[PDB]
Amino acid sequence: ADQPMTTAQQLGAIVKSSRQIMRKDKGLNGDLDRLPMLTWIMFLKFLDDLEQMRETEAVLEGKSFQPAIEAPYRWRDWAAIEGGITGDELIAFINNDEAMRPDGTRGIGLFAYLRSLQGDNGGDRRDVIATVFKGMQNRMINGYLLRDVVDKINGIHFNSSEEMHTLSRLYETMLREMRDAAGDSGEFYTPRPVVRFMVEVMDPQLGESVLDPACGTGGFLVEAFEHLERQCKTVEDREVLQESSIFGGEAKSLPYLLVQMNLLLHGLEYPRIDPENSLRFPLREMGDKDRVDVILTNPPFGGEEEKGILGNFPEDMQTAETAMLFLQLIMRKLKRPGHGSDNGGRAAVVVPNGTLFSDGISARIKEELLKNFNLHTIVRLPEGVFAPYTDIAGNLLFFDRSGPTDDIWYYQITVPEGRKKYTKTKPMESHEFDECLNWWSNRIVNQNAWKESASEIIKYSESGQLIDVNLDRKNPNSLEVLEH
């Protein structure tokens, strides 16, 4: 019988006790420094335990195994040995281009090794590990303290990939919270129930490509991958899964590293995450070679882009509003029909009310959307869904590239009785999407769902000038439509 997995309480203890050890290291200043430290250490530990499971699996399947990391650079070589390399010797092994290694031989140091990893066949998990470590550095100065942290993390344990994923989830929650513990009052996060709903209705299929141009710590991409993994029945299916073309963009350092790490731990060979501004490329240079089957995303609800970015967009669509520029990017990146599928690509996009009611340049963007894509469903959510980052209401746009919009289904979810908005401590829950899920493939008008028409929504003057595309439509059954 194998030892039980680390419990949630135990993971918390390890994380807190490690941070408290870090408070003694003069090389580290606050969670700004401590959280990336914990993260690379935790990653090398998780990765090696995963590699053990993969090696074991390959032996059972009579298949060859290729380690991502080779001895003596694996966790089991340098970290897992009681009373192993420590003090100045440890710092040297970590930091140096060349150092005495844990096996008593001189060679390249750990970070230098990880940063110089490269895939055989034109890019694999080793190249992603290298990119991750090129974006991190060891800031601890005291090797005895580093060793002490490594000894705590070494005690983490799991028996399967699923157990590992549970701990990864818990860890990411701790980080976000720590980074919400009155230190950095900010960031933004799509709640899990909203992500799962969006992935469930989008139903990504093995063989499809997926993009999230604002993937954060990778919520949509990881959920998409797990959804894809449930479809595998054969060895061939598994290869398709692991070689999936999965793309992301994320501007924030730690989240950028976290999405790459989690996808690698899920078995994706090459998460393709761009750390720079997703809006920086000329849409007009984009073509079929650039397009994807599925887009799952919660772009920013607000903000403005610098003027240099605007030049990348059509002359009549140069709004500085980030949320609207992302909408154009997403439209551009959907596969056109007749390129592997009949409907072309499909997108699910979280937008604020402002996107819906906006006018001017935004109306032109929405006209283009309605004329060239099928915006078949808009699900409208209660205020508070994104608490505590903002109480603003959210909406989910579902569109594909099949052709122009005709009828648009609206579906409004209401906050449970007696409450007016969700809260951090009382968040929205998955069961609340059940009614919508069942309705999705059995659409009828009712208390929550109604139809609008694109030709009614888009308004032109007699000259044919565009006057309005207002998608902020209210539930005709609601009382706001009754007594205004």
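All residue numbers are counted from 1 along the displayed sequence.
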property	result
Selected stretch [higher average CA B-factor]: 285-293 or 388-396	388-396
177-185 set against 224-232, stretch whose average Cα temperature factor tops the other in the entry	177-185
Identity of residue with top Cα B-factor, from 299, 107, 404, 303	303
Of the residues 121, 377, 328, 209, the one carrying the largest Cα B-factor as recorded	121
Chain-relative CA temperature factor third for residue 11	middle
Ranked against its chain, the third holding the CA B-factor of residue 88	lowest
Third of the chain, ranked by Cα B-factor, where residue 424 sits	highest
B-factor third for the C-alpha atom of residue 39 within its chain	lowest
Third assignment of residue 472 from its chain's C-alpha B-factors	middle
